[PDB]
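K.L.:
Take a look and give me a structure for this.
(one chain, ligands or ions: 1)
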Amino acid sequence: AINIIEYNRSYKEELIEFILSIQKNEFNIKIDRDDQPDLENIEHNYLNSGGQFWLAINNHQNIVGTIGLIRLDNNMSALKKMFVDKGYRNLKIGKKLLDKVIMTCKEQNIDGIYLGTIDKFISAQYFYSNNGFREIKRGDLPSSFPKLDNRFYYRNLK
Ligand SMILES: [Ca+2]
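P.N.:
Numbering: from 1, shown residues only. Find the structure here:
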């Protein structure tokens, strides 16, 4: 039913509408397109910078999930823009996206994955906790981690 591919530029507008519909319509987050410039240039911000951006796609090749990673200093990384279509959330698509990131991090000598998220993503918190992430304090984040978010997590790979 589902395949994981690297983001390509054809998906720019679809990706942005996907993320924004979930953020604004489903979670009622006060955020919009111009708050998220990284999405305007994914190749530049994620792929060309030593990061990752993967799409979970269905049989029609439409986006049903997303996951990004930025590379930090000191061989660490930050998870970004993880989203899964509501109609596909108990098909283990989040797990498959994460697994792809973890495997790619191992190839690229990344020791760990930090993330920040909002309390409004209730299910995502339990997901991270159930998938190797421990909750950390804001003062525990490294200096190259970009601070935005009210809940922080870390998963050790090494
Ligand atoms: Ca705005």
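K.L.:
Does residue 65 touch residue 85 like I think?
P.N.:
Yes - using C-beta atoms under 8 Å, residue 65 is in contact with residue 85, at 6.5 Å. Backbone N, C-alpha and C define where each C-beta goes, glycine included.
K.L.:
So the two - more neighbours on which side?
P.N.:
Using other C-beta atoms under 10 Å as the criterion, residue 65 and residue 85 rank with residue 65 on top: 23 against 18.
K.L.:
In three-state terms, label that one for me.
P.N.:
strand (DSSP: H, G, I helix; E, B strand; the rest coil).
K.L.:
Pull the contacting residues for the nearest residue to it once chain neighbours are set aside.
P.N.:
Of all residues beyond its chain neighbours, the one nearest residue 65 is residue 56 (3.3 Å), with distances taken as C-beta to C-beta, 6 or more residues apart in numbering. By C-beta atoms under 8 Å, 6 or more residues apart in numbering, residue 56 lies in contact with 2-4, 63-66, 84, 88, 93, 96-97.
K.L.:
Would you mind measuring from residue 56 to residue 67?
P.N.:
Note on residue 56: its distance to residue 67, by C-beta to C-beta, to the nearest Å, is 8 Å.
K.L.:
Could you export the lengthiest helix in the chain as PDB, CA atoms only?
P.N.:
In the chain, taking DSSP state H as the definition, the longest helix is helix 93-107. Provided in PDB are the C-alpha atoms of helix 93-107 (Å, rounded to 0.1, in the frame of the first residue of the first chain):
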ATOM      1  CA  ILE A  93       3.600   4.700   8.500                       C
ATOM      2  CA  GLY A  94       5.200   6.900  11.300                       C
ATOM      3  CA  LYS A  95       7.300   3.900  12.300                       C
ATOM      4  CA  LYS A  96       8.400   3.200   8.700                       C
ATOM      5  CA  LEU A  97       9.300   6.900   8.200                       C
ATOM      6  CA  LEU A  98      11.300   7.000  11.400                       C
ATOM      7  CA  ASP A  99      13.100   3.700  10.600                       C
ATOM      8  CA  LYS A 100      14.200   5.200   7.300                       C
ATOM      9  CA  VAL A 101      15.600   8.200   9.100                       C
ATOM     10  CA  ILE A 102      17.300   5.900  11.700                       C
ATOM     11  CA  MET A 103      18.900   3.700   9.000                       C
ATOM     12  CA  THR A 104      20.100   6.700   7.000                       C
ATOM     13  CA  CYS A 105      21.500   8.300  10.200                       C
ATOM     14  CA  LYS A 106      23.500   5.200  10.800                       C
ATOM     15  CA  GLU A 107      25.000   5.300   7.300                       C
END
